[PDB]
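Just so we're on the same page: letters track the sequence lines, and every chain starts at 1. All values below come from the heavy atoms of this structure, side chains included, with hydrogens, waters and symmetry mates left out.
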Amino acid sequence: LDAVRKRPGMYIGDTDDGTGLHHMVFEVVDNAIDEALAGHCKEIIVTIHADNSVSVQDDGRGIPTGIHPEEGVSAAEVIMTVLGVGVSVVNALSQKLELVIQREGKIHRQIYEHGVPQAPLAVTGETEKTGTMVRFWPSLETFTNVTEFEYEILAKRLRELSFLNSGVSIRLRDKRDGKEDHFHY
Amino acid sequence: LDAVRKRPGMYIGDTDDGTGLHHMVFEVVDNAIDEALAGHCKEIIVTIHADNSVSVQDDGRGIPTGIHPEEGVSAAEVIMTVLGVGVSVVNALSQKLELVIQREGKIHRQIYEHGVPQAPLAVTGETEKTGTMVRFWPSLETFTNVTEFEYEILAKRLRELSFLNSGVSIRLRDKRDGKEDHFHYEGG
Ligand SMILES: CC(=O)c1ccc(O)c(O)c1
Ligand SMILES: CC(=O)c1ccc(O)c(O)c1
Ligand SMILES: Nc1nc2ccccc2[nH]1
């Protein structure tokens, strides 16, 4: 991931004018859409939190949790840490990232800081539901000037995606001012 | 460097009791002694700064600055970013690291933060002198509990090192209180 950390702008886009900041959300949403497509309910929830983080949930199968035979770590960790530009870019440029996977009757959790896992992916409980959730806090060392998520930039792109991905429900929620939308074709 | 960032304790040692913290200085000092040994004058200066950073400088040839054919970056950057334990561990576990190389009449400067170079190695000026200087700020995200450099730990070790490295002048300076030492054994 140091190649991404060296030149963030080349992977995510301009880190000063707000282009890169919002692309972080869109990269995560692309992965959530693929997961939503192969599930049953087919819904995604993008939430802007009051502390300037964004969470993207899907209700799909849950991304794979088993150990990757080559890398020797969880398959999820390989997705989050190894080089669509990839969510590993988003992880590398996030001062914190929380991963939650609901799969095969179990809830799995992992925390990253600047792309570095704080511990191995771990089973934290039981559940009937399935899906994946990523909440990330953009690194304020990387992202300058425009540091706050504008609602309408996200709403605009998610609207475009809802037409292209006709089977998927996309909800957008802003916890700062209570604004919300529901894009579905 | 992510392998070091994943488990800092495995590379630098205990990051709570202060032993790992001081190992950061001694790893850089071992590289400075290697560079000093290649010259004739051979002086090293270790300085504890008032902001709890430590600088280590030598007056040797200066570490290589040319672009590495495979890696596509300066040889200096390769040394600082590719995995004693190596300086790349020190760089990875420093919230800031400043590199200054004087070589072939040119001053070269580069800044790192948490192992990540902020720009490519750059010729910023001219010089009659040669040598390498590394100044690092230990990462407070990694190093907990004991976060300040004890003068006595460094002074004791540098004194021991002086007797193994003949002709190498080792100066220790503490800018917090003005305390300084000069270890120079000229045996053989
Ligand atoms: C990282 C990843 O693969 C991913 C998949 C689904 C998600 O809902 C998400 O937020 C991230
Ligand atoms: C890391 C390295 O090669 C190095 C060489 C000389 C030095 O004086 C120093 O502080 C570091
Ligand atoms: N603050 C901060 N920035 C970092 C960049 C890479 C790895 C760890 C880091 N901690």
Side-chain angles (χ1 to χ4, degrees), chain A residues 1-6 8 11-12 24-25 27-28 31-32 35 51 53-58 62-69 71-104 106-125 131-143, chain B residues 1-6 8-16 20 81-83 85 88-95 112-116 138-144:
Chain A
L1 290 175
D2 275 335
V4 175
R5 298 190 191 96
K6 272 186 72 173
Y11 293 86
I12 206 76
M24 297 273 280
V25 175
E27 191 54 47
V28 176
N31 288 237
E35 291 295 308
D51 69 339
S53 59
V54 168
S55 68
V56 183
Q57 322 171 219
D58 73 281
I63 63 170
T65 57
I67 298 288
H68 197 275
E71 300 293 345
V73 297
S74 80
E77 186 175 320
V78 175
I79 295 159
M80 300 307 309
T81 61
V82 182
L83 285 168
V85 93
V87 297
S88 69
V89 170
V90 176
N91 192 200
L93 307 174
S94 292
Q95 64 191 40
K96 193 158 83 110
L97 186 146
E98 180 175 5
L99 171 58
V100 183
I101 302 159
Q102 302 182 78
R103 187 181 168 86
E104 292 174 26
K106 296 194 281 178
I107 306 170
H108 309 74
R109 287 188 186 265
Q110 196 178 17
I111 307 299
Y112 296 82
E113 291 181 22
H114 300 278
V116 186
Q118 301 304 110
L121 182 67
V123 174
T124 57
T132 309
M133 194 277 289
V134 169
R135 185 168 170 180
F136 69 96
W137 286 255
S139 180
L140 298 180
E141 295 166 12
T142 302
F143 299 103
Chain B
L1 300 179
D2 280 309
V4 177
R5 299 201 190 85
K6 272 191 70 165
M10 194 173 90
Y11 294 88
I12 203 66
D14 194 295
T15 59
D16 199 64
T81 62
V82 179
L83 191 42
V85 302
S88 64
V89 173
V90 176
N91 188 208
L93 306 181
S94 296
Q95 64 189 50
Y112 296 81
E113 296 182 21
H114 300 277
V116 181
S139 177
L140 302 181
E141 295 174 7
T142 294
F143 296 99
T144 58

Return the minimal non-hydrogen interatomic distance between [X] and [Y], and the atom names on each side.
| X | Y | value |
| --- | --- | --- |
| A:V89 | A:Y11 | CG1-CB, 3.9 Å |
| B:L140 | B:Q95 | N-OE1, 3.2 Å |
| A:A75 | A:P64 | CB-O, 3.6 Å |
| A:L93 | A:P8 | CD2-CB, 3.7 Å |
| A:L1 | A:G115 | CD1-O, 3.8 Å |
| B:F143 | B:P138 | CD1-CB, 4.0 Å |

Just by modelled atom types, is the [Y] backbone N or O under 3.5 Å from a matching donor or acceptor in the [X] side chain?
| X | Y | result |
| --- | --- | --- |
| A:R103 | A:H108 | no |
| A:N91 | A:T81 | no |
| A:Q57 | A:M133 | no |
| A:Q118 | A:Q110 | no |

Nearest 0.5 Å, what's the [atom1]-[atom2] distance between [X] and [Y]?
| X | Y | atom1 | atom2 | value |
| --- | --- | --- | --- | --- |
| A:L121 | A:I101 | CG | CD1 | 5.0 Å |
| A:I79 | A:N31 | CD1 | CG | 8.0 Å |
| A:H114 | A:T142 | NE2 | OG1 | 8.0 Å |
| A:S94 | A:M80 | OG | CE | 8.0 Å |
| A:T132 | A:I63 | OG1 | CD1 | 5.0 Å |

Beyond-backbone contact of [X] with [Y], side-chain heavy atoms, under 4.5 angstrom:
| X | Y | value |
| --- | --- | --- |
| A:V90 | A:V85 | no |
| A:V116 | A:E113 | no |
| A:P117 | A:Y112 | yes |
| A:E77 | A:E71 | no |
| A:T124 | A:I107 | yes |
| B:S88 | B:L83 | yes |
| A:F136 | A:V25 | yes |
| A:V73 | B:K6 | yes |

> Who passes side chain to side chain donor-acceptor pair (under 3.5 Å) against A:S53, sequence neighbours left out?
Replying inline: A:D51, A:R135

>> Which residues pass the side chain to side chain donor-acceptor pair (under 3.5 Å) test with B:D16, not counting sequence neighbours?
In response: B:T144

>> For A:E35 and A:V56: C-alpha separation, side-chain torsions, deciding distance, then whether side-chain contact (heavy atoms from CB on, under 4.5 Å) applies.
In response: CA-CA 12 Å; A:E35 291 295 308; A:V56 183; over 6 Å; no

